[PDB]
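The structure file run-v4.txt is reproduced below (compact mmCIF, C-alpha atoms and all ligand atoms).
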```txt
# COMPACT_ATOMS: atom_id res chain seq x y z
CA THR B 842 114.30 88.56 84.93
CA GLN B 843 111.50 86.80 82.91
CA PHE B 844 109.68 83.61 84.03
CA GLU B 845 107.63 81.06 82.04
CA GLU B 846 104.50 79.62 83.81
CA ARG B 847 105.09 76.11 82.24
CA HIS B 848 108.52 75.82 83.99
CA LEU B 849 107.02 76.50 87.46
CA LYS B 850 106.63 73.14 89.30
CA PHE B 851 104.27 73.20 92.32
CA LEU B 852 105.85 71.84 95.52
CA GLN B 853 103.78 73.10 98.47
CA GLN B 854 101.15 75.71 99.36
CA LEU B 855 102.56 78.17 101.93
CA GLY B 856 99.66 80.50 102.66
CA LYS B 857 96.08 81.25 101.63
CA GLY B 858 94.28 84.55 102.17
CA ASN B 859 90.98 85.93 100.91
CA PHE B 860 92.58 87.76 97.93
CA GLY B 861 95.75 85.79 97.23
CA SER B 862 97.89 82.73 97.96
CA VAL B 863 101.63 82.00 98.19
CA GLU B 864 103.06 78.69 96.88
CA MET B 865 106.54 77.10 97.17
CA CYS B 866 107.51 76.27 93.53
CA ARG B 867 110.61 75.19 91.60
CA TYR B 868 111.51 77.20 88.48
CA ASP B 869 112.77 74.27 86.41
CA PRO B 870 113.24 75.23 82.68
CA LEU B 871 115.83 72.42 82.28
CA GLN B 872 113.13 69.91 83.41
CA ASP B 873 115.61 67.90 85.59
CA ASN B 874 114.63 69.22 89.12
CA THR B 875 117.92 71.27 89.30
CA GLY B 876 115.96 74.56 89.28
CA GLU B 877 115.71 77.20 92.01
CA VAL B 878 112.99 77.04 94.70
CA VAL B 879 110.96 80.31 94.60
CA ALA B 880 107.89 81.79 96.36
CA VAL B 881 104.94 82.47 94.02
CA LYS B 882 102.04 84.86 94.79
CA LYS B 883 98.83 84.53 92.73
CA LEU B 884 95.30 85.99 92.85
CA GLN B 885 92.40 83.92 94.22
CA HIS B 886 90.04 85.69 91.73
CA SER B 887 91.22 87.12 88.36
CA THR B 888 89.37 90.40 87.58
CA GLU B 889 90.49 93.84 86.27
CA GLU B 890 89.87 95.36 89.76
CA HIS B 891 91.97 92.60 91.53
CA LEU B 892 94.74 92.76 88.81
CA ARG B 893 95.05 96.59 89.23
CA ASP B 894 95.53 96.17 93.04
CA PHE B 895 98.02 93.28 92.54
CA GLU B 896 99.97 95.37 89.99
CA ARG B 897 100.22 98.19 92.61
CA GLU B 898 101.50 95.60 95.17
CA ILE B 899 104.10 94.22 92.64
CA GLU B 900 105.24 97.82 91.81
CA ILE B 901 105.63 98.50 95.60
CA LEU B 902 107.82 95.37 96.18
CA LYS B 903 109.86 96.03 92.97
CA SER B 904 110.63 99.58 94.30
CA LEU B 905 111.98 98.12 97.60
CA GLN B 906 115.66 97.05 97.91
CA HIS B 907 116.71 96.35 101.52
CA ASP B 908 118.33 93.48 103.48
CA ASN B 909 115.20 93.19 105.68
CA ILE B 910 112.68 93.19 102.78
CA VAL B 911 111.88 89.96 100.80
CA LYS B 912 113.56 90.02 97.36
CA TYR B 913 111.50 90.53 94.19
CA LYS B 914 112.55 88.06 91.45
CA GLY B 915 110.08 88.88 88.67
CA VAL B 916 106.59 88.31 87.20
CA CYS B 917 104.77 85.54 85.30
CA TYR B 918 102.30 86.72 82.62
CA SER B 919 99.84 84.96 80.25
CA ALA B 920 97.82 87.77 78.53
CA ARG B 923 96.02 87.08 82.14
CA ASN B 924 96.88 84.98 85.25
CA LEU B 925 99.62 87.28 86.64
CA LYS B 926 101.96 85.70 89.23
CA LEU B 927 104.56 87.45 91.46
CA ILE B 928 107.90 85.60 91.82
CA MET B 929 109.94 86.18 95.01
CA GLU B 930 112.88 84.52 96.78
CA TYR B 931 111.87 81.58 99.02
CA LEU B 932 112.72 82.05 102.74
CA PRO B 933 112.93 78.48 104.17
CA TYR B 934 112.32 79.10 107.91
CA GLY B 935 108.84 80.64 107.42
CA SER B 936 107.16 83.21 109.69
CA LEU B 937 108.91 84.59 112.81
CA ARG B 938 105.77 83.41 114.77
CA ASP B 939 106.44 79.77 113.72
CA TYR B 940 110.29 80.02 113.86
CA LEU B 941 110.24 81.29 117.46
CA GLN B 942 107.94 78.48 118.68
CA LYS B 943 109.92 75.70 116.87
CA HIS B 944 113.44 76.94 117.75
CA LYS B 945 112.99 78.85 121.11
CA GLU B 946 115.63 76.52 122.67
CA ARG B 947 118.36 78.24 120.53
CA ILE B 948 117.11 81.89 120.81
CA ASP B 949 118.43 84.32 123.49
CA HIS B 950 117.71 88.07 124.18
CA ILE B 951 120.69 89.15 121.97
CA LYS B 952 118.99 87.25 119.07
CA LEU B 953 115.48 88.65 119.72
CA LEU B 954 116.94 92.21 119.72
CA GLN B 955 118.85 91.48 116.47
CA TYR B 956 115.51 90.54 114.78
CA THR B 957 113.80 93.59 116.41
CA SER B 958 116.46 95.98 114.97
CA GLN B 959 116.05 94.29 111.55
CA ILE B 960 112.22 94.78 111.62
CA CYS B 961 112.70 98.45 112.72
CA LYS B 962 115.25 99.09 109.94
CA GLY B 963 113.08 97.45 107.25
CA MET B 964 110.10 99.56 108.47
CA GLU B 965 112.11 102.84 108.54
CA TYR B 966 113.11 102.17 104.86
CA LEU B 967 109.37 101.64 104.10
CA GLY B 968 108.56 105.10 105.55
CA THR B 969 111.37 106.59 103.38
CA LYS B 970 109.25 105.70 100.28
CA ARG B 971 106.08 106.93 102.20
CA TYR B 972 104.62 103.38 102.28
CA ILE B 973 102.17 102.21 105.02
CA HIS B 974 102.35 98.44 105.68
CA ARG B 975 98.90 98.28 107.49
CA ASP B 976 99.38 94.64 108.67
CA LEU B 977 102.83 94.30 110.30
CA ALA B 978 102.70 90.91 112.11
CA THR B 979 104.97 88.01 113.22
CA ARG B 980 102.96 86.14 110.55
CA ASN B 981 104.36 88.19 107.62
CA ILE B 982 107.87 88.81 109.05
CA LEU B 983 109.77 85.82 107.57
CA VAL B 984 113.07 84.11 108.49
CA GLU B 985 115.86 83.66 105.85
CA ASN B 986 118.23 82.08 108.48
CA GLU B 987 119.13 82.34 112.26
CA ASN B 988 120.69 85.82 111.67
CA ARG B 989 118.23 87.45 109.22
CA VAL B 990 114.50 88.31 109.15
CA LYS B 991 112.62 90.14 106.35
CA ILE B 992 109.20 91.87 105.92
CA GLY B 993 107.77 89.30 103.50
CA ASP B 994 104.33 90.52 102.35
CA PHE B 995 103.00 93.83 101.03
CA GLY B 996 99.40 92.85 100.10
CA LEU B 997 97.84 95.66 102.17
CA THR B 998 100.64 98.25 101.63
CA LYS B 999 99.38 101.72 100.65
CA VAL B 1000 101.16 104.78 99.26
CA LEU B 1001 100.51 107.87 101.39
CA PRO B 1002 99.04 110.93 99.53
CA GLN B 1003 101.69 113.72 99.24
CA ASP B 1004 99.48 116.22 101.18
CA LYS B 1005 98.23 113.81 103.94
CA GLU B 1006 100.05 111.91 106.74
CA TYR B 1007 97.35 109.17 106.89
CA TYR B 1008 95.38 106.86 104.52
CA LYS B 1009 91.63 106.40 105.09
CA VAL B 1010 90.26 103.02 104.03
CA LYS B 1011 86.63 103.84 102.93
CA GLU B 1012 85.43 100.16 103.23
CA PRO B 1013 85.41 97.70 106.24
CA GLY B 1014 86.76 94.72 104.23
CA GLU B 1015 87.73 91.14 105.16
CA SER B 1016 91.25 92.22 106.25
CA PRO B 1017 93.53 89.85 108.25
CA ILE B 1018 94.31 92.88 110.53
CA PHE B 1019 93.57 92.14 114.21
CA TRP B 1020 95.67 94.50 116.36
CA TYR B 1021 94.17 97.76 115.05
CA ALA B 1022 95.53 101.08 116.34
CA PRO B 1023 92.68 103.12 118.01
CA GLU B 1024 92.37 105.58 115.07
CA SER B 1025 92.39 102.71 112.49
CA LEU B 1026 89.42 101.02 114.20
CA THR B 1027 87.44 104.22 115.05
CA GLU B 1028 88.33 106.48 112.05
CA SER B 1029 89.80 103.89 109.47
CA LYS B 1030 93.09 105.94 109.36
CA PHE B 1031 96.37 104.08 108.64
CA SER B 1032 99.78 105.79 109.04
CA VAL B 1033 103.44 105.25 110.08
CA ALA B 1034 102.12 105.74 113.72
CA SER B 1035 99.58 102.86 113.24
CA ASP B 1036 102.44 100.72 111.81
CA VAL B 1037 104.34 101.67 115.02
CA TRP B 1038 101.31 100.44 117.07
CA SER B 1039 101.43 97.13 115.06
CA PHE B 1040 105.20 96.75 115.84
CA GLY B 1041 104.62 97.17 119.62
CA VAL B 1042 102.45 94.02 119.50
CA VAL B 1043 105.15 92.29 117.35
CA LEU B 1044 107.75 93.27 120.06
CA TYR B 1045 105.45 91.85 122.79
CA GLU B 1046 105.01 88.50 120.91
CA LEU B 1047 108.80 88.12 120.37
CA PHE B 1048 109.53 88.39 124.12
CA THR B 1049 106.56 86.05 124.85
CA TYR B 1050 107.72 83.09 122.60
CA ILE B 1051 111.20 83.22 124.21
CA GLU B 1052 109.73 82.45 127.75
CA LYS B 1053 112.21 79.80 129.15
CA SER B 1054 110.28 76.43 129.34
CA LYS B 1055 106.75 74.97 129.98
CA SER B 1056 105.54 78.44 131.27
CA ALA B 1057 102.49 80.65 130.22
CA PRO B 1058 102.87 80.52 126.31
CA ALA B 1059 103.80 76.77 126.20
CA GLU B 1060 101.26 75.72 128.94
CA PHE B 1061 98.39 77.40 126.99
CA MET B 1062 99.18 75.83 123.53
CA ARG B 1063 99.30 72.45 125.29
CA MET B 1064 95.89 72.96 127.14
CA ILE B 1065 93.84 73.87 123.97
CA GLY B 1066 92.10 71.10 121.95
CA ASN B 1067 92.17 72.73 118.47
CA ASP B 1068 94.59 73.55 115.55
CA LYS B 1069 96.95 76.62 115.13
CA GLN B 1070 97.36 80.30 113.83
CA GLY B 1071 94.15 81.69 115.49
CA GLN B 1072 95.03 80.13 118.88
CA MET B 1073 97.94 82.57 119.44
CA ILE B 1074 95.60 85.62 119.46
CA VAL B 1075 93.37 83.72 122.00
CA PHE B 1076 96.40 83.51 124.38
CA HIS B 1077 97.11 87.28 123.98
CA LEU B 1078 93.42 88.14 124.46
CA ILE B 1079 93.48 86.13 127.77
CA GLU B 1080 96.67 87.94 128.99
CA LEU B 1081 95.05 91.28 128.01
CA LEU B 1082 91.91 90.22 129.96
CA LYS B 1083 94.10 89.24 132.99
CA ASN B 1084 95.96 92.63 132.85
CA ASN B 1085 92.98 95.12 132.80
CA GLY B 1086 92.91 95.62 128.99
CA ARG B 1087 96.63 96.55 128.53
CA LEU B 1088 99.34 94.08 127.35
CA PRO B 1089 101.57 92.84 130.22
CA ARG B 1090 105.38 92.72 130.49
CA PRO B 1091 106.37 89.17 129.33
CA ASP B 1092 108.25 87.23 132.04
CA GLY B 1093 111.98 87.89 131.78
CA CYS B 1094 111.47 90.88 129.43
CA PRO B 1095 113.83 93.79 130.29
CA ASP B 1096 112.12 97.04 131.48
CA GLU B 1097 113.76 98.99 128.60
CA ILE B 1098 112.02 96.79 125.93
CA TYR B 1099 108.66 96.94 127.83
CA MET B 1100 109.05 100.77 127.90
CA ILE B 1101 109.35 100.67 124.09
CA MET B 1102 106.19 98.38 123.89
CA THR B 1103 104.28 100.89 126.15
CA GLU B 1104 105.31 103.94 124.03
CA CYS B 1105 104.23 102.21 120.74
CA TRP B 1106 100.78 101.77 122.38
CA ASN B 1107 100.25 105.48 123.09
CA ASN B 1108 96.59 106.38 122.30
CA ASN B 1109 97.71 109.65 120.61
CA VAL B 1110 98.98 109.30 116.95
CA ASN B 1111 101.67 112.02 117.30
CA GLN B 1112 102.86 110.58 120.65
CA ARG B 1113 104.30 107.29 119.31
CA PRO B 1114 108.07 106.75 118.61
CA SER B 1115 109.61 106.67 115.10
CA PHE B 1116 111.13 103.52 113.51
CA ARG B 1117 114.54 105.21 113.01
CA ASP B 1118 114.75 106.12 116.77
CA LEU B 1119 113.39 102.63 117.73
CA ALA B 1120 116.21 100.92 115.74
CA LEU B 1121 118.81 103.21 117.39
CA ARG B 1122 117.35 102.47 120.89
CA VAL B 1123 117.26 98.66 120.30
CA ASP B 1124 120.90 98.79 119.00
CA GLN B 1125 122.08 100.58 122.19
CA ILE B 1126 120.36 97.89 124.41
CA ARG B 1127 122.13 95.14 122.29
CA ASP B 1128 125.55 96.91 122.58
CA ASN B 1129 125.21 97.13 126.41
CA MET B 1130 124.39 93.36 126.61
CA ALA B 1131 127.56 92.50 124.61
CA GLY B 1132 129.75 95.20 126.28
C1 LIG P 1 107.55 85.46 99.96
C2 LIG P 1 107.72 84.25 100.86
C3 LIG P 1 108.96 83.63 100.94
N1 LIG P 1 109.12 82.57 101.73
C4 LIG P 1 108.13 82.12 102.49
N2 LIG P 1 108.39 81.04 103.33
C5 LIG P 1 107.46 80.33 104.13
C6 LIG P 1 106.26 80.88 104.61
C7 LIG P 1 105.40 80.13 105.42
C8 LIG P 1 105.75 78.82 105.80
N3 LIG P 1 104.88 78.06 106.65
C9 LIG P 1 103.53 77.84 106.09
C10 LIG P 1 102.57 77.41 107.21
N4 LIG P 1 103.10 76.31 108.05
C11 LIG P 1 102.49 75.01 107.72
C12 LIG P 1 104.56 76.22 108.30
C13 LIG P 1 105.42 76.76 107.14
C14 LIG P 1 106.97 78.30 105.35
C15 LIG P 1 107.81 79.03 104.52
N5 LIG P 1 106.92 82.69 102.44
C16 LIG P 1 106.66 83.74 101.65
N6 LIG P 1 105.39 84.32 101.62
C17 LIG P 1 104.31 84.00 102.47
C18 LIG P 1 103.92 82.67 102.65
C19 LIG P 1 102.85 82.35 103.47
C20 LIG P 1 102.13 83.37 104.08
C21 LIG P 1 102.46 84.71 103.86
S1 LIG P 1 101.47 85.99 104.58
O1 LIG P 1 102.29 87.13 104.56
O2 LIG P 1 100.90 85.52 105.79
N7 LIG P 1 100.19 86.39 103.55
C22 LIG P 1 99.19 85.54 102.83
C23 LIG P 1 99.70 85.15 101.44
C24 LIG P 1 98.79 84.24 103.55
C25 LIG P 1 97.91 86.34 102.62
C26 LIG P 1 103.55 85.03 103.05
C1 LIG P 2 89.63 93.09 115.30
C2 LIG P 2 89.01 93.90 116.42
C3 LIG P 2 87.74 94.44 116.29
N1 LIG P 2 87.21 95.17 117.28
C4 LIG P 2 87.88 95.38 118.41
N2 LIG P 2 87.26 96.13 119.42
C5 LIG P 2 87.76 96.45 120.71
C6 LIG P 2 88.52 95.57 121.48
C7 LIG P 2 88.95 95.93 122.76
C8 LIG P 2 88.60 97.19 123.29
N3 LIG P 2 89.06 97.54 124.58
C9 LIG P 2 90.42 98.12 124.64
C10 LIG P 2 90.96 97.95 126.06
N4 LIG P 2 90.05 98.64 127.00
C11 LIG P 2 90.58 98.57 128.37
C12 LIG P 2 88.64 98.17 126.94
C13 LIG P 2 88.09 98.20 125.49
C14 LIG P 2 87.83 98.07 122.51
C15 LIG P 2 87.40 97.69 121.25
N5 LIG P 2 89.10 94.87 118.57
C16 LIG P 2 89.69 94.13 117.62
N6 LIG P 2 90.96 93.64 117.83
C17 LIG P 2 91.66 93.91 119.01
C18 LIG P 2 91.45 93.13 120.15
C19 LIG P 2 92.16 93.41 121.31
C20 LIG P 2 93.02 94.50 121.35
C21 LIG P 2 93.21 95.29 120.21
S1 LIG P 2 94.29 96.67 120.25
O1 LIG P 2 95.30 96.40 119.29
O2 LIG P 2 94.58 96.97 121.60
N7 LIG P 2 93.52 97.99 119.61
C22 LIG P 2 92.25 98.64 119.98
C23 LIG P 2 91.44 97.98 121.09
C24 LIG P 2 92.59 100.07 120.40
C25 LIG P 2 91.38 98.69 118.73
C26 LIG P 2 92.53 95.00 119.03
CL CL P 3 94.94 81.42 133.71
ZN ZN P 4 86.81 88.92 93.62
```
Please render this file's structure as structure tokens.
Amino acid sequence: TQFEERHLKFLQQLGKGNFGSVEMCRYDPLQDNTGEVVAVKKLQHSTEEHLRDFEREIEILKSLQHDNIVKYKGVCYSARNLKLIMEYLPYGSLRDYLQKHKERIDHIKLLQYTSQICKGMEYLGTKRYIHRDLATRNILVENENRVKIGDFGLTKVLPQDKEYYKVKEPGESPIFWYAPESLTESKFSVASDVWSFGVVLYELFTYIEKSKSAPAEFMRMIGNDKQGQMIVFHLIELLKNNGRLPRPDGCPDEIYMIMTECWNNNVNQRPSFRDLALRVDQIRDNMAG
């Protein structure tokens, strides 16, 4: 569908990166506040080089149709301040949702979200797309039973002849948990996306930790703000466990085994998303029956 810039009413700013920003807006052509609340992505700097990259991102999202991938609604043109219109997911990032509503999340629920991430990611690989920044930050919550991969700003299309994508520039990327070959050789692949998911899996089973323990006790103790404090906690746990991520308290051995496998140093020795989803689904079925 088509959208007119003048009918987009600003409500709240959701996120700000170095290249773009996402705002919570109402598309109100009737001018009576009855309009639909949408998520709007815009460029921080409007240049031909930035517009070409944004157009590639829009074309990637438009080509994706899956239950665990944020819905594309349309675009907002002018000539040339291009804006991407998406559905608004009200519960925000999985990172924030887990911390705010841990009291109502159990292992059956964490596994449901895990399967959903895995399925969304396997669909991504189907189109030969590399996410490059899979995080609990960009996995968003529609409701208590559905999560979606909500940002594709760093998504690359794999060359037909190669199984990796080499980024020939360091850049100011929000990527933190680099796979060994992405840091050393700048190579991004499905295997590096699998590395990124292992960390996501670890975080999920960390936020669930019963009450007042290690993740809650840390966030209390610190005398600063948010977002960057969560990596500080993980860096401490990593430092306490000889450089390798520990098994979160209460985490089943089966899920830790999956974490471990995703963190294999060798590219070709990491599990696939399809098999990961199938494995997670078996664990969930055994918990129920
Ligand atoms: C496409 C989309 C749909 N719904 C929502 N919902 C949303 C997201 C974040 C919040 N947070 C913002 C921060 N905090 C104060 C709590 C609420 C709330 C709702 N967000 C969407 N996109 C999005 C919003 C913020 C951040 C991200 S992002 O993926 O981290 N990437 C950039 C834009 C920051 C670079 C993506
Ligand atoms: C953004 C960033 C930039 N440089 C480095 N360098 C780095 C960090 C730790 C090591 N370690 C790994 C563990 N080992 C026991 C000692 C050296 C080596 C290089 N790390 C960064 N992030 C990061 C921090 C902690 C862990 C991880 S990671 O996701 O485990 N991936 C790496 C270490 C294989 C790259 C990534
Ligand atoms: Cl400590
Ligand atoms: Zn610029």
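The coordinates place atom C8 of ligand LIG 1 (chain P) at 6.9 Å from CA of residue 934 in chain B.
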Legend entry - Coordinates-based distance that separates CA of residue 878 in chain B from CA of residue 940 in chain B (Å, one decimal):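 Here the two named atoms are 19.6 Å from each other.
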As a quick test: using all atoms listed in the file, which residues lie no more than 10 Å away from ligand CL 3 (chain P)? Give them as a PDB file with C-alpha atoms, in the coordinates of the input.
```pdb
ATOM      1  CA  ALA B1057     102.490  80.650 130.220  1.00  0.00           C
ATOM      2  CA  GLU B1060     101.260  75.720 128.940  1.00  0.00           C
ATOM      3  CA  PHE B1061      98.390  77.400 126.990  1.00  0.00           C
ATOM      4  CA  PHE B1076      96.400  83.510 124.380  1.00  0.00           C
ATOM      5  CA  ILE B1079      93.480  86.130 127.770  1.00  0.00           C
ATOM      6  CA  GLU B1080      96.670  87.940 128.990  1.00  0.00           C
ATOM      7  CA  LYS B1083      94.100  89.240 132.990  1.00  0.00           C
TER       8      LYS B1083
END
```
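Atom pair atom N1 of ligand LIG 1 (chain P) / CA of residue 1040 in chain B has a distance of 20.4 Å (rounded to one decimal).
For the residues B:1031, B:913, B:1106, B:931, ranking by smallest atom-to-atom distance to residue 971 in chain B using only C-alpha atoms places B:1031 first.
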Legend entry - Shell of 8 Å around residue 941 in chain B, all atoms listed in the file, local chain residues under 5 positions omitted, as a PyMOL selection string: chain B and resi 948+1047+1050-1051
Selected residues, C-alpha atoms, written as a PDB file, keeping the file's coordinate frame, please.
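out.pdb was written with the following content:
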```pdb
ATOM      1  CA  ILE B 948     117.110  81.890 120.810  1.00  0.00           C
ATOM      2  CA  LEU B1047     108.800  88.120 120.370  1.00  0.00           C
ATOM      3  CA  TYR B1050     107.720  83.090 122.600  1.00  0.00           C
ATOM      4  CA  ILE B1051     111.200  83.220 124.210  1.00  0.00           C
TER       5      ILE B1051
END
```
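Among the candidates B:1091, B:1000, B:892, B:848, the one nearest to residue 873 in chain B when counting all atoms listed in the file is B:848.
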Inset, instruction - Name the residues in contact with residue 1110 in chain B at a cut-off of 10 Å, using only C-alpha atoms, excluding same-chain residues fewer than 5 positions from it; report them as a list in words. - result: residues 1022, 1023, 1024, 1032, 1033, 1034, 1035, 1037, 1038 and 1105 of chain B
Legend entry - Within 10 Å of ligand ZN 4 (chain P) (only C-alpha atoms and all ligand atoms), residues as JSON, numbers by chain: {"B": [859, 860, 884, 885, 886, 887, 888, 889, 890, 891]}
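Take the candidates B:956, B:1099, B:844, B:1008 and check each one against residue 918 in chain B using all atoms listed in the file; the shortest distance goes to B:844.
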Inset, instruction - Go through the chains and note each residue within 9 Å of ligand LIG 1 (chain P), using all atoms listed in the file, then give the set as a PyMOL selection string. - result: chain B and resi 853-865+879-883+911-913+928-936+939-940+978-985+992-996+1017+1070
Legend entry - Neighbourhood of ligand LIG 2 (chain P) at 10 Å, counting all atoms listed in the file, reported as a ChimeraX atom specification: /B:1016-1027,1035,1038-1039,1041-1042,1074-1075,1077-1079,1081-1082,1084-1088,1106-1108
Inset, instruction - Point out the residue among B:1030, B:926, B:1117, B:1090 with the least atom-to-atom distance to residue 1013 in chain B, counting all atoms listed in the file. - result: B:1030
